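Asks: Sequence first, structure after, both from an experimental entry:
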Amino acid sequence: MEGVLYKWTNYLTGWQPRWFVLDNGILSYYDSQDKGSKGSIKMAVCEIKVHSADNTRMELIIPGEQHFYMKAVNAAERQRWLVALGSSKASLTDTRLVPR
């Protein structure tokens with residue numbers, strides 16, 4: 001699978017588009033669909049977090065190593081990425097009650 005996902009940089013530069021490519025359990029990310037990758041992550045050790053409130057955002061977390069925040073172009077895209085990235089994983093759902 002391949003396509004654009006936005007990567008959260010920081011509060012100032014915010015969402016920046018990158019080209020992502022999933023192959024053999026490795027999610028690689030490039031500046032543009034155009035020589036070799038400029039980065040990658042091992043899906044095998046990665047957890048994926050998604051909030052019920054939002055339909056495009058997702059968070060990749062490598063326990064003990066790091067956490068990032070991604071955003072698909074649209075809701076349909078995100079689902080597509082989720083199936084590809086996480087169909088083999090188990091899910092754990094938590095609900096939190098907070099002051100209004």
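Replies: Here it is on my side, so go on. Residues are numbered from 1 along each chain as shown.

Asks: Now do the helices in the protein.
Replies: 75-86 (DSSP state H).

Asks: for the longest strand seen in the chain, packing partners?
Replies: Across the chain, the longest stretch assigned as strand under DSSP state E is strand 15-23. Applying 3 or more Cβ pairs under 8 Å, 6 or more residues apart in numbering; DSSP states H and E, we find strand 15-23 packed against strand 2-8, strand 26-30. Bear in mind the C-beta positions are built from the backbone N, C-alpha and C, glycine included.

Asks: can you give me the offset of the first one from its chain's centre?
Replies: Okay, so that is strand 2-8. 8 Å (Cα atoms, centre = their mean, to the nearest Å).

Asks: Likewise for the shortest one?
Replies: Between the centre of strand 26-30 and the centre of its host chain there is 11 Å, according to Cα atoms, centre = their mean.

Asks: list the buried ones in that strand?
Replies: Within strand 26-30, the residues that qualify as buried are 27-30, counting by 16 or more other Cβ atoms under 10 Å.

Asks: and if you look at stretch 84-99?
Replies: Within stretch 84-99, judged by 16+ other Cβ under 10 Å, the buried ones are 85-86.

Asks: Check the offset of that stretch from the chain's centre.
Replies: Counting by Cα atoms, centre = their mean, stretch 84-99 comes out at 14 Å from the chain centroid.

Asks: can you list contacts of that stretch?
Replies: 1, 22, 27, 43, 46-48 (Cβ atoms under 8 Å, 6 or more residues apart in numbering).

Asks: Which one (most neighbours) among those residues?
Replies: Among the contacts of stretch 84-99, residue 27 has the most neighbours (other Cβ atoms under 10 Å), with 22 neighbours.

Asks: is it true that that one touches residue 20?
Replies: Yes - Residue 27 is in contact with residue 20 according to Cβ atoms under 8 Å; the separation is 6.2 Å.

Asks: hang on, the earlier thing: show me how far the longest strand of the chain is from its chain's centre.
Replies: 9 Å.

Asks: With only the CA atoms kept, save that strand in CSV.
Replies: C-alpha atoms of strand 15-23 as CSV (Å, rounded to 0.1, in the frame of the first residue of the first chain):
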residue,chain,number,x,y,z
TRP,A,15,0.6,18.7,9.7
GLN,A,16,3.2,18.0,6.9
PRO,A,17,2.4,15.7,4.0
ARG,A,18,4.7,12.7,3.4
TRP,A,19,4.6,9.7,1.1
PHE,A,20,4.2,6.5,3.0
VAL,A,21,4.9,3.0,1.7
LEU,A,22,4.0,-0.3,3.4
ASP,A,23,6.0,-3.4,2.5
